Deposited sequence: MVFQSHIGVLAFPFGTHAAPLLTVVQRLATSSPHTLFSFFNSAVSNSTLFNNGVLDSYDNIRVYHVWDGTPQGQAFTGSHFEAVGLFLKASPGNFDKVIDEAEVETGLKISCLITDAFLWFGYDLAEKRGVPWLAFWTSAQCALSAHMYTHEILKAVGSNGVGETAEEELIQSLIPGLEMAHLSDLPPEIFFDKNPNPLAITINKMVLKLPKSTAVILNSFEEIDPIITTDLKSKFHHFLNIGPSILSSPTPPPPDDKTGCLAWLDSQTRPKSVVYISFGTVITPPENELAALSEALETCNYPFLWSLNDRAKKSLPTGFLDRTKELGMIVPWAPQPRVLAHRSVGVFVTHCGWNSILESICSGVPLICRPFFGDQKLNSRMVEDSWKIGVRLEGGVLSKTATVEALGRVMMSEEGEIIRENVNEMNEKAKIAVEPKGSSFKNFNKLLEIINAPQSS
């Protein structure tokens, strides 16, 4: 190996998966570069369980201490775990970077980091190497954080001062932005990121410029290199589907007839809201495929599972990107996580938005009011009436025809971006010039 690149993951949520995907792409393009990937054991096992992991000659995965007591089980909240990891940082990474350098016999020449890990700037500077930051969400969420100062200083005013966020409501903003008093460790970290990010060699995103040209141009003026290289899913032969999702969708005759539902792997709405959603699915009589954990499935009305045995299918896990690409899928009821939205765009599937936390509210506002590739729910929850209305609008209405043309146009823009001469194709070659 001629080069050794250190890559530090934020070992929570869906931060580590998209960063590893980018390392896999860089590792493919740079066979003479060794990539050392630093992540928690818990996050690494999540990656192998979700099948994101693969075996490369030039990727080595290292465990970094997650700040939890060793030997005892960890029976704490996500909040506690995030606090413990941040308290253990960056010493946890420093220790393991040094052992990577001695065991490989090569000093790091470049440090790539989740943009949350603001201390990448310090770890890079100390070693005399470039710091590249990877933002795991959309440009719109990054812009909102970068304008934290201007936002706190003072609705219409905020819409008037963030280029491209004129449709955003105050309630939509990542609320870490307002955690300004006695901030939690996560809000301290994102505030320090906002201060250090402009000193990075490059900011990298799994997005494409054309989803938000005004935000993209604005953020290019804030950073040395602002590189949209996505979607990664469009720029890896699939296994076979042991869940039965694809075989079930294949038996659905009519194209764009199926409602796909997923609130991700962890969060579900209150039991009363799962009940209201189940009633809406019965009322509409659209075939549905729902990714829902077995604990949540047991809290559904007992009559619901019996009545919908021929209408729908409920599984604890779906191969989501393969589901969304199936020609029988007509709509995606989503929590509006950025990865889920981008997968939807990449397959041309319109959205019904039920956001929960973080960037999800802002993503849902962009879906309805900027991109216009889906709808939000009247009153923000999956009430029976709001859900029946949302499914009808998207699946079979004149408003649905408008949403269909908009998601097909965004789909087309995403494909052009990753094809030769595309913005993301060009930006990825720019990133290779930096890392080599």
Quiz item: What stretches of this chain's deposited sequence are missing C-alpha coordinates?
Solution: 1-2, 157-167, 249-251, 453-457
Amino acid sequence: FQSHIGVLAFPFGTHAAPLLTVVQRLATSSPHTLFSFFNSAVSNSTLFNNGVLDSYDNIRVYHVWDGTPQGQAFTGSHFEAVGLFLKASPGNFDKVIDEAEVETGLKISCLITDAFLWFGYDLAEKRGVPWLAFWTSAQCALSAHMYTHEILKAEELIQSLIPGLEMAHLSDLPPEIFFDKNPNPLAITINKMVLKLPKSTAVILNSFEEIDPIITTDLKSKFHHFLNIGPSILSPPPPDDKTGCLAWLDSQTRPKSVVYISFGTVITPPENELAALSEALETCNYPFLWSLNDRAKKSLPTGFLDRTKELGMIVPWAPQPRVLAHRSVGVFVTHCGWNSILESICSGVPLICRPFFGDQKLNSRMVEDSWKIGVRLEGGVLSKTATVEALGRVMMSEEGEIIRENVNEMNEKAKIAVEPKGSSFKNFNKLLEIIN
From here on, numbers count along this sequence of modelled residues.
Practice problem: Determine, for stretches 98-106 and 350-358, which one has the higher mean CA B-factor as deposited. | Solution: 98-106
Quiz item: Which has the higher mean CA temperature factor in the PDB entry, 395-403 or 50-58?
Solution: 50-58
Exercise. Using the temperature factors in the entry, find which of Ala275, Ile112, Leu249, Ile190 has the highest value at its Cα atom.
Key: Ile190
Quiz item: For the listed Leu152, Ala133, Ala280, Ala325, which has the peak Cα B-factor recorded in the PDB entry?
Solution: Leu152
Self-check item: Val331 by Cα B-factor - lowest, middle or highest third of the modelled chain
Solution: lowest
Practice problem: Can you work out whether the C-alpha temperature factor of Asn92 puts it in the lowest, middle or highest third of the chain? | Solution: middle
Quiz item: Considering only modelled residues of the same chain, in which third does the CA B-factor of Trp317 rank: lowest, middle or highest?
Solution: middle
Quiz prompt | Ranked against its chain, the third holding the CA B-factor of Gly120 | solution = middle
Practice problem: Check where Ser40 lands among this chain's C-alpha B-factors and tell me if it's the lowest, middle or highest third. | Solution: middle
